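Presented below is the structure to which this report refers.
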Amino acid sequence: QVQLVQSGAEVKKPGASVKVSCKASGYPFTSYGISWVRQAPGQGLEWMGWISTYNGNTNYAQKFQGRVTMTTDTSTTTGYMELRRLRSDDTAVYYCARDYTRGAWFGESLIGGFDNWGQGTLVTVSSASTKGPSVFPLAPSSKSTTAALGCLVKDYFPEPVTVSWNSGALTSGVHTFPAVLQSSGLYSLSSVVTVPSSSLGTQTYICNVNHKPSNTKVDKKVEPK
Amino acid sequence: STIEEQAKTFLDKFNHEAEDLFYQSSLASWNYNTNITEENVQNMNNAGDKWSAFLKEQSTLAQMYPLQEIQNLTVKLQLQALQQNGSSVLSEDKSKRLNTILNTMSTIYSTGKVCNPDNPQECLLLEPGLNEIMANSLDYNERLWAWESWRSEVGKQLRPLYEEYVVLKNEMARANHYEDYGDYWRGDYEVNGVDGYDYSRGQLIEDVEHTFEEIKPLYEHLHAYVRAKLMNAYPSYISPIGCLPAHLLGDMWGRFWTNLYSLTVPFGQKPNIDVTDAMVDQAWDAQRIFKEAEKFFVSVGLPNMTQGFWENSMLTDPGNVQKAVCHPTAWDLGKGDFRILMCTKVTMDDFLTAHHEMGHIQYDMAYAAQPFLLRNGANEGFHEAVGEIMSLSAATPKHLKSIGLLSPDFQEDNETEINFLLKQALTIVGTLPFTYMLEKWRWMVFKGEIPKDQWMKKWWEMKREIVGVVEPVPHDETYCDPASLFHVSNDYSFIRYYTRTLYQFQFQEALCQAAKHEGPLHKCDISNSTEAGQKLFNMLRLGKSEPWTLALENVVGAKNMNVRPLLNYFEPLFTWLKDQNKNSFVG
Amino acid sequence: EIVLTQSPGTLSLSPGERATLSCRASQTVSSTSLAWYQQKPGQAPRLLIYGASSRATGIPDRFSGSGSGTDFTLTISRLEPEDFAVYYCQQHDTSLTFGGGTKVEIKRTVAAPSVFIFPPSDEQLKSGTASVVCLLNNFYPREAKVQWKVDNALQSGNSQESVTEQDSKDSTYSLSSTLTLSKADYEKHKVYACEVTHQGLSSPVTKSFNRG
Amino acid sequence: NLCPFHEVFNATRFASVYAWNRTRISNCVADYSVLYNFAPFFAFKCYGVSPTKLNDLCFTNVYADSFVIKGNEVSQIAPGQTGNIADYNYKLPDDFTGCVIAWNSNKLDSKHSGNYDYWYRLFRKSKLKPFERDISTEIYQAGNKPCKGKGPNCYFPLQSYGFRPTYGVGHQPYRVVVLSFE
Ligand SMILES: *[C@@H]1O[C@H](CO)[C@@H](O[C@@H]2O[C@H](CO)[C@@H](O[C@@H]3O[C@H](CO)[C@@H](O)[C@H](O[C@H]4O[C@H](CO)[C@@H](O)[C@H](O)[C@@H]4O)[C@@H]3O)[C@H](O)[C@H]2NC(C)=O)[C@H](O)[C@H]1NC(C)=O
Ligand SMILES: *[C@@H]1O[C@H](CO)[C@@H](O[C@@H]2O[C@H](CO)[C@@H](O[C@@H]3O[C@H](CO)[C@@H](O)[C@H](O)[C@@H]3O)[C@H](O)[C@H]2NC(C)=O)[C@H](O)[C@H]1NC(C)=O
Ligand SMILES: *[C@@H]1O[C@H](CO)[C@@H](O[C@@H]2O[C@H](CO)[C@@H](O[C@@H]3O[C@H](CO)[C@@H](O)[C@H](O)[C@@H]3O)[C@H](O)[C@H]2NC(C)=O)[C@H](O)[C@H]1NC(C)=O
Ligand SMILES: *[C@@H]1O[C@H](CO)[C@@H](O[C@@H]2O[C@H](CO)[C@@H](O)[C@H](O)[C@H]2NC(C)=O)[C@H](O)[C@H]1NC(C)=O
Ligand SMILES: *[C@@H]1O[C@H](CO)[C@@H](O)[C@H](O)[C@H]1NC(C)=O
Ligand SMILES: *[C@@H]1O[C@H](CO)[C@@H](O)[C@H](O)[C@H]1NC(C)=O
Ligand SMILES: *[C@@H]1O[C@H](CO)[C@@H](O)[C@H](O)[C@H]1NC(C)=O
Ligand SMILES: [Zn+2]
């Protein structure tokens, strides 16, 4: 019945500071600490620091010797981690485990490890602004080349685009590539579908981009030529 | 100050530091025996050199203590066991010559390949090459060649070198500022400081000689029976008064008589209890063999093995890359570390030797509470005795019917009992005539009592009185040898191999009496008897802190060693020998 | 500042084999201060071995750990489909440092792509931008080399790769090679080539055609 | 709030026996069920009280004595006991109320190269009184005539444990925790 409620995603920008929430439940609060681990997209885990909720002692890594602070809430059994001076490479997924690696009261050390983890927290930091998805079609070639077709969700910010197809009708044969940051510092995502050869120009294919932050829902119809 | 204070402190520091250094050395040698690599060879050589240097320094420091001012008995026994010299004032050049002769003799015997004549390039080892012929072959011609090559290729190369070595031993024993180097070997015997339990020096002479006087019945009967069996095997090695050589005892020198069994079978029609096929049929591996031995030990009340024994001990040869010597050894590394190193297979012999090594481990575990100098037998010979007695008890057919290992429908007879009893008699007791005759004659040679030029004249005359040599072929005078031997050549005490065999069969009937056994002593399995286990553990727990007089009396009821219990052990076999030697002329 | 340098990088295996991971330290690390984690894709890691020997709560019997001093190991005996995740190693003997990570993928048969090509949309040219994207269908393994040739020569900078995860059903990847060029350069050059050399292919298959 | 018994049992590094560590536990609700429900901690011997009646006392001073002695030296941690560890390393009074929760720690505290990190003093002219900590660090030497260095009859008192992983249970580093309710 272990529960670790963790905060949601963030879309902050460089120059500011943010603090992450982490609500734990199902254990005696004062007998354990809270640790934090940061994982950049497509990278590995790296330690951030350790804090004990009993006496308030902290322990941070040298890479973040002073750039970070950790606070705790005893009434709600909630842990916090606050990072300052957000750099361009600070985008990562932040996790909130439960400490069993160093004693709370004594502080010496314990034979154990982070036993219970949260859900994660993606905090994206970038010098950009909210933009609407400029959807560009990808129709099959004029020559009847099983083919593939899709709609290019280009020039959109941040990554809240929900691109279905025909309200989820032709889900058989759907490939949705993960968003990759372009050289211009702006994410462009691609989602395509596949159709048979004997039924190329017989159906109707509209991709519904449910990008809530901009509420742009251009359902561009694409048909093979 | 107080000199009484400053000897137990020395003993305790010795008991710890050593335990540290001896564990290091034992671990290195264990790793080498399990992992023959040049790196581990160098590491074990470094560990052994450090151990020897520390031991020599501590002996130089311990010879300082006079053997009179301390009155505490255990302290005096430890010091006298450690107050010896070696070459303390003996000159560096003479000691270097001593070492040179010793290493040369050892090389010539073992490392020096016995190159067959007419092919100097093809140089065959003594082992296992002539070991095959000696423990296996039965032809008169091949064995005659082997004996001639031994006594005339090792014998001639060992006569002058070992003669000068005996002269060196004369000089070192006489200038030892003590009785002899025999005193060096026998120092652990003497107990001083308590009236009624003190031990004398020449008392061992009387003990060994009088035990020979009372064994000469059993001595001559068993020896002449082996003589007659080898006569049946080797008609022209044994005349009706003819004698036996010393190389026909399986190994070269003759430490054990075991390989003679195939030629000394009392009842060859009924096969012995060979459990190899039975263990194979029930699909039981080596670990099951050791579990059976563990249950046998539990049956008599003794504690059973720890989990570290199961985990760390190498009970099977790894094969492949790993190269390991298959020499069985209950490696008592110390500090609670008990292991067994053996290439165990599904074999009855492996079962019995597992019992023997378990007995070694049990004795080591019994005196683990002693200090390091006392973490040994009360004398040098308790240990193999405790090891052997367990296998003796466990090899009984009744105990193998007890563990569901043989069919309860089948029934024993006296035939298998006599077969097994003679098999054990050859194996164990055969080392007492060895020790008595060969060792004490060798010692009186060491003092220089026997003239040098009359060695071979005296050598076969001992067989001319006990057994009565008649020679189809004469001999030469330039033959000698005993230095080759591993213990004489690697600085190890030797007399333990007599006390061992007296004490084990002197314990056997004492334990079986407490087991409420009825009938013969040979078929006595102490299984399901806490009384016998307690009786044995009373002595095994003593270690070396108490004198071996008290250690003996704690089981046998007598303060002095006697061989009558060993004579009564082979009472079935003794009556059988008297009924069989009716035709065998005892010379 | 002991470095753990977790090895190897990835791990593709079959449903039923044995899995083994390593984490080797520079200095000597006490066996009481090393743990392991398992991260399913899209989820958080979960502890498997703590204290280098103990098994965590709710962890099935096929997971085990060992190691001491300078070398540590994680062991998995049976490979169920849920046993394909991301793993890490941790130490806190002297400061807390993690390993590099070791992804666990699913080994399957060698699949070949179905390479396509797509000229930039006319509506895209109505926004002052052109993009030629080269498409590859299900293929195995992940290791594939792609090149962009314009007219006859390779280009640089106009390349943004994108690879999805192994499919739930067929356990195959999907590759997207994208080239972005301004419409001035788009009409400046005529011949476009997508040079792809996949290990699942036997030749530099280039399925591309010029403007027309 | 709850009891930091895992910060002692489930701790990483203990102390040297001749200068053993002593942590005072206080203010906690000691849930002894975590150690009493079954037997993962080897010997659980209580001297004077019963495991079932542990809640009828006051946690004035529960001195959780944490150290590593040996396998067969836990027997010398009984009230009114004498020995090498009891005379002068750690002496327990004859009228001692508490429990001994010694458990094996072979895997945690060992080293193939040799863990010479735990020391005990070996020789001593005098003896030490109970209820007396040994935290002072004087230097001593042996008797006969005054000497210098490890000479004929002069020895270094503090000698180290081997602690190689493959020892027996009687010499393996049993991590011993002794509770003294007072
Ligand atoms: C007896 O002594 C010999 C002495 O050679 C000893 O041999 C060793 O064998 C093992 C393999 O069984 C070797 O171990 C490997 O050696 C290579 C380098 O040669 C290392 O790169 C290996 O480590 C890496 O890979 C491991 C996984 O395979 C990882 O877990 C680890 O983190 C590294 O990434 C590995 O150590 C060993 O090197 C030799 N010994 C040498 C050459 O020193 C033999 O095992 C001994 N056996 C017994 C029974 O005592
Ligand atoms: C040190 O840490 C370990 C955990 O890594 C503690 O041992 C564990 O203690 C918990 C209870 O706090 C045990 O949970 C129980 O498990 C049994 C089934 O095994 C179940 O029936 C109970 O209802 C409960 O869930 C857990 O099993 C146990 N793990 C073990 C023994 O390996 C240990 O208590 C800590 N030591 C301290 C507090 O000093
Ligand atoms: C001779 O040397 C021995 C040591 O080899 C001295 O032994 C010590 O003797 C005393 C009794 O005089 C023993 O005391 C008892 O110890 C047990 C165990 O701790 C305890 O339960 C008893 O209440 C009692 O105190 C002591 O253990 C023993 N020590 C050893 C190591 O055996 C002996 O006193 C010396 N004799 C003389 C006259 O110097
Ligand atoms: C070694 O001694 C232990 C002492 O406990 C034996 O353990 C018991 O063995 C019996 C069967 O002989 C079982 O019914 C008990 O449950 C065991 N007790 C425990 C605590 O495990 C062990 O069998 C002995 N090994 C032998 C005799 O080979
Ligand atoms: C033998 O050791 C004793 C004991 O100190 C000593 O008195 C004697 O001189 C030594 N003799 C030789 C030959 O080393
Ligand atoms: C020893 O006792 C057990 C248990 O009663 C029994 O099964 C076994 O046969 C006995 N062994 C003997 C008498 O040799
Ligand atoms: C023992 O542990 C405590 C913390 O619980 C620490 O303050 C003290 O310094 C330690 N002492 C020793 C002997 O290690
Ligand atoms: Zn033996």
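Numbers in chain B track Swiss-Prot; the residues on display, in order, are 19-605.
Note that Cβ sites are derived from N, Cα and C of the backbone, with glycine treated the same way.
Together with B:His374, B:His378, Swiss-Prot lists one candidate of B:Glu398, B:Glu402 for binding Zn(2+), that being B:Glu402. Swiss-Prot lists region 'Interaction with SARS-CoV spike glycoprotein' for one of the ranges B:63-67, B:353-357, B:598-602, namely B:353-357. Swiss-Prot names B:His345, B:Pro346, B:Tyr515 for binding substrate. Of B:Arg204, B:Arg219, B:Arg245, B:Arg273, the residue it gives for the same site is B:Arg273. Feature region 'Interaction with SARS-CoV spike glycoprotein', per Swiss-Prot, maps to range B:30-41 of the set B:30-41, B:150-161, B:462-473, B:558-569. Per Swiss-Prot, the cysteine from B:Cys133, B:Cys261 that shares a disulfide bond with B:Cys141 is B:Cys133. According to Swiss-Prot, the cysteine that forms a disulfide bond with B:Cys542, out of B:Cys498, B:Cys530, is B:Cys530. Cα distances from B:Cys141 (disulfide bond) to the recorded positions B:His374, B:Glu375, B:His378, B:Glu402, B:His505 are smallest for B:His505. Distance noted between the C-alpha atoms of B:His378 (Zn(2+) binding site) and B:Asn322 (N-linked glycosylation site) is 13 Å. For B:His374 (Zn(2+) binding site), the same-chain residues lying six or more positions away in sequence with a CB closer than 8 A to its CB are B:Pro346, B:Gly405, B:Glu406, B:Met408, B:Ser409. Listed recorded positions: B:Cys141, B:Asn322, B:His374, B:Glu402. Those with a CB atom under 6 Å from ligand 4: B:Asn322. If you check the recorded positions B:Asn90, B:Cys361, B:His505, B:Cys542 against B:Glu375 (active site, proton acceptor), none has a Cα inside 10 Å of its Cα.
Separation of the C-alpha atoms of B:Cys361 (disulfide bond) and B:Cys542 (disulfide bond): 29 Å, rounded to the nearest whole number. Here the C-alpha separation of B:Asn90 (N-linked glycosylation site) and B:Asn103 (N-linked glycosylation site) works out to 22 Å. Once Cβ contacts within 10 Å are tallied over all protein chains shown, the recorded positions B:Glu375, B:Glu402 are led by B:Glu375. In this structure, the recorded positions that sit close to ligand 8, with a C-beta under 6 angstroms from any of its atoms, are B:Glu402, chosen from B:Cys133, B:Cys141, B:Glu402, B:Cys530. Between the alpha carbons (Cα) of B:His505 (active site, proton donor) and B:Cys344 (disulfide bond) lies a span of roughly 20 Å. Each of the disulfide-bonded residues B:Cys133, B:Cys542 was scored by the number of other CB atoms within 10 Å of its CB, and the largest score is that of B:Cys542. Counting only the Cα atoms, the space from B:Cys530 (disulfide bond) to B:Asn432 (N-linked glycosylation site) is about 19 angstrom.
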